[PDB]
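*Asks:* Let me begin by handing over the structure; questions about it come next.
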Amino acid sequence: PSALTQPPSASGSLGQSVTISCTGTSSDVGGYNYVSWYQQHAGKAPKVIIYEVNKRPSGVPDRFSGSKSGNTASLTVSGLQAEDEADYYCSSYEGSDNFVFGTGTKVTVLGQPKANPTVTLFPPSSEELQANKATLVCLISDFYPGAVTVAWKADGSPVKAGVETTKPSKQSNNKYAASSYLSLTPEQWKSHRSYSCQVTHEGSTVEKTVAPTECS
Amino acid sequence: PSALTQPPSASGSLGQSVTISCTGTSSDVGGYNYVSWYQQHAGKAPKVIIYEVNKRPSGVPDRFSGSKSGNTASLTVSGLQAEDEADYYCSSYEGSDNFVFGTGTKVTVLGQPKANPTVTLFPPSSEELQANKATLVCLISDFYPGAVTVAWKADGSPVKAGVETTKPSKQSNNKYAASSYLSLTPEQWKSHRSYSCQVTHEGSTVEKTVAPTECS
Amino acid sequence: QXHX
Numbered sequence: 315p316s317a318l319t320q321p322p323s324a325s326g327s328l329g330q331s332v333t334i335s336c337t338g339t340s341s342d343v344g345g346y347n348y349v350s351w352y353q354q355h356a357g358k359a360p361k362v363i364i365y366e367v368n369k370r371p372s373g374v375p376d377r378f379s380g381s382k383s384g385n386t387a388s389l390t391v392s393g394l395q396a397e398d399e400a401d402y403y404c405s406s407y408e409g410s411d412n413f414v415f416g417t418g419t420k421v422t423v424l425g426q427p428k429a430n431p432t433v434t435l436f437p438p439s440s441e442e443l444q445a446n447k448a449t450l451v452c453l454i455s456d457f458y459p460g461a462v463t464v465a466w467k468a469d470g471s472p473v474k475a476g477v478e479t480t481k482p483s484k485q486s487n488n489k490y491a492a493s494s495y496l497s498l499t500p501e502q503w504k505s506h507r508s509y510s511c512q513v514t515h516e517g518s519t520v521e522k523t524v525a526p527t528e529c530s
Numbered sequence: 315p316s317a318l319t320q321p322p323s324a325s326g327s328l329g330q331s332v333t334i335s336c337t338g339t340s341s342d343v344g345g346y347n348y349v350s351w352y353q354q355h356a357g358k359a360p361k362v363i364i365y366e367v368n369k370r371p372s373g374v375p376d377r378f379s380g381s382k383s384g385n386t387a388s389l390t391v392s393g394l395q396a397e398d399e400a401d402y403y404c405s406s407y408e409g410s411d412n413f414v415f416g417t418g419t420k421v422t423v424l425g426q427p428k429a430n431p432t433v434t435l436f437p438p439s440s441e442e443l444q445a446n447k448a449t450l451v452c453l454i455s456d457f458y459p460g461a462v463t464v465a466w467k468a469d470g471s472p473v474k475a476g477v478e479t480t481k482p483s484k485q486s487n488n489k490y491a492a493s494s495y496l497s498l499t500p501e502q503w504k505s506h507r508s509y510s511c512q513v514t515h516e517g518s519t520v521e522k523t524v525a526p527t528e529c530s
Numbered sequence: 056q057x058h059x
């Protein structure tokens with residue numbers, strides 16, 4: 315057997331252009347005119363981008379351009395937007411009723427502005443406090459590039475224990491979102507002055523400090 | 315769009331069978347056979363394991379079976395093996411131009427007890443409001459297996475605009491942690507009565523509500 | 056993959 319070749323990664327500058335090559339075999343690609351292209355957004359419910367060599371499905375992003383250059387197929391993305399970061403796959407009909415896929419090309423847009431995160435800290439709410447627990451939530455958001463680190467400050471001494479953070483995910487953007495959580499007993503929470511969520515990103519640091527005077 | 319409602323997580327053990335399901339909203343159903351199922355491992359290209367409701371392609375192990383009745387196609391891994399563990403998707407060809415995808419699933423071969431998520435909705439802290447910002451967080455924590463559906467609601471009606479959902483992170487107890495957020499204005503927040511964060515894990519829904527109670 |  316075999317599964318179509320794709321170049322594992324395809325960069326381009328902003329507003330520019332890239333072309334990915336789904337490359338097959340006489341028995342599949344070049345056998346028939348039935349190559350579709352797929353946009354699989356950083357691990358997501360994938361969509362169809364082309365169906366037959368160069369036909370843009372009923373509501374596609376402006377200028378996905380499909381090519382079949384013998385047994386090499388090509389998808390040309392131009393007017394480069396940030397949102398084109400994805401997993402690009404192709405599929406060609408091979409024989410008896412069935413389709414063959416390709417390796418999988420990750421598309422990379424360059425020239426994306428670096429953004430420093432919006433740290434929103436949270437005090438626990440009444441309900442949680444009634445239910446008898448306290449969990450604090452640092453929300454880091456709209457950052458680029460997606461490397462951030464979260465310290466917790468118990469009260470100006472650190473609190474390594476009871477913290478839990480998340481790997482940054484891409485938004486309907488190409489900005490990331492992350493969060494830390496500190497799980498506390500309410501007791502512990504009446505019992506002392508400040509809590510702090512310190513977030514470092516590309517040199518910057520943003521600290522947010524919360525105090526027990528939450529209203530409800 | 316994802317008008318093919320697919321479960322968030324589907325899990326079993328070796329030798330236990332698992333149904334994935336794929337529901338259509340589609341004013342379509344009946345006038346239909348063309349429902350194709352895809353087996354997709356993390357790292358690999360997507361590969362079809364079912365075409366036209368019940369036909370697997372060449373080399374699909376016997377255990378995969380598809381069905382469709384009502385508006386529901388179903389895929390039964392009949393006797394679960396290790397690398398049945400993958401992302402699964404479904405499909406429907408509204409002829410040519412309109413290739414509707416389902417939203418995905420996951421096959422978890424459990425080797426950890428099932429953990430239904432802790433939801434913990436936090437409302438626009440008084441400070442953030444004092445900055446004329448509005449954001450409520452839906453912490454989803456301690457869930458296994460690490461796939462979960464998240465949806466929001468204002469005054470009953472669902473909210474789509476402004477919600478960003480992170481990807482399940484593995485925690486220092488091999489259970490999972492996600493977060494959504496709804497970004498708003500004090501206006502929109504204050505101008506309502508109740509906001510649910512609604513979360514779906516396997517065969518479970520947790521809906522937690524926050525009301526605007528406006529201390530400053 | 057629909058086609059067919």
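These protein sequences, in sequence, are chains A, B and C.
Per my numbering, the very first residue in the first sequence carries number 315; after that it's consecutive.
Per my numbering, the very first residue in the second sequence carries number 315; after that it's consecutive.
Per my numbering, the very first residue in the third sequence carries number 56; after that it's consecutive.
The C-beta atom is built at its ideal place from N, Cα and C for all residues, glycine as well.
1) Among A:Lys358, A:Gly384, A:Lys369, which residue has its Cα nearest to the Cα of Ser341 of chain A?
2) Please report the straight-line C-alpha distance between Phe415 of chain B and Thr463 of chain B, rounded to a whole angstrom.
3) What's the gap between the Cα of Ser379 of chain B and the Cα of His58 of chain C?
4) Counting only beta-carbon atoms, is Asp376 of chain B nearer than 7 Å to chain F?
5) Measuring straight from C-alpha to C-alpha, what distance separates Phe457 of chain B and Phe413 of chain B?
6) Taking 7 Å as the threshold (C-beta atoms), are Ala461 of chain B and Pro322 of chain B in contact?
7) For a quick check, are the C-beta atoms of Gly393 of chain B and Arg377 of chain B less than 7 Å apart?
8) Grouping DSSP H, G and I as helix and E and B as strand, with all else coil, what is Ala465 of chain A?
9) For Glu478 of chain B, which residues does DSSP report across the bridge?
10) Strictly under 7 Å for the Cβ-Cβ distance: is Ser405 of chain A near chain C by that measure?
11) Entirely within the stretch 371-437 of chain B and at least 3 residues each: give me those beta strand (DSSP E) ranges in chain order.
12) So, is the C-beta of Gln485 of chain A closer than 7 Å to a C-beta in chain B?
13) So for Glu528 of chain B, helix, strand or coil by DSSP?
14) Can you find a CB in chain C that lies within less than 7 Å of the CB of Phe413 of chain A?
15) Suppose the cutoff is 8 Å on Cβ atoms and the five residues either side in sequence are ignored; what does the same chain contact list for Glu478 of chain B look like?
16) Which residues does DSSP list as the beta-bridge partners of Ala445 of chain A?
17) Please look up how many angstroms separate the CB atoms of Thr434 of chain A and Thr449 of chain B, rounded, as I've assumed it's under 8 Å.
18) Can you name the residues of chain C whose CB is closer than 7 Å to the CB of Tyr365 of chain A?
19) Expressed to the nearest angstrom, what Euclidean distance is found between the alpha-carbon atoms of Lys474 of chain B and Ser486 of chain A?
20) Helix or strand or just coil, what does DSSP make of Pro500 of chain A?
21) Are the Cβ atoms of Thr339 of chain B and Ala359 of chain B separated by less than 7 Å?
22) Check whether the Cβ atoms of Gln353 of chain B and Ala396 of chain B sit closer than 7 Å, and answer yes or no.
23) In whole angstroms, what is the alpha-carbon distance linking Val423 of chain B and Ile334 of chain B?
24) Starting from the Cα of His506 of chain A, find the closest Cα among A:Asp469, A:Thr386, A:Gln444, A:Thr337 and give me that residue.
25) Mark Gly373 of chain A as exposed unless 16 or more other C-beta atoms lie within 10 angstroms of its C-beta, in which case mark it buried.
*Replies:* Here's the rundown:
1) A:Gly384
2) 16 Å
3) 21 Å
4) Absent from the structure: chain F. Protein chains present are A, B and C.
5) 32 Å
6) yes
7) yes
8) strand
9) B:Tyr495
10) yes
11) 378-383, 386-391, 401-403, 405-408, 412-415, 421-423, 432-436
12) yes
13) coil
14) yes
15) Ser494, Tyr495, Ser497
16) Partner(s): none; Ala445 of chain A has no beta bridge.
17) 6 Å
18) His58
19) 12 Å
20) helix
21) no
22) no
23) 14 Å
24) A:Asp469
25) exposed
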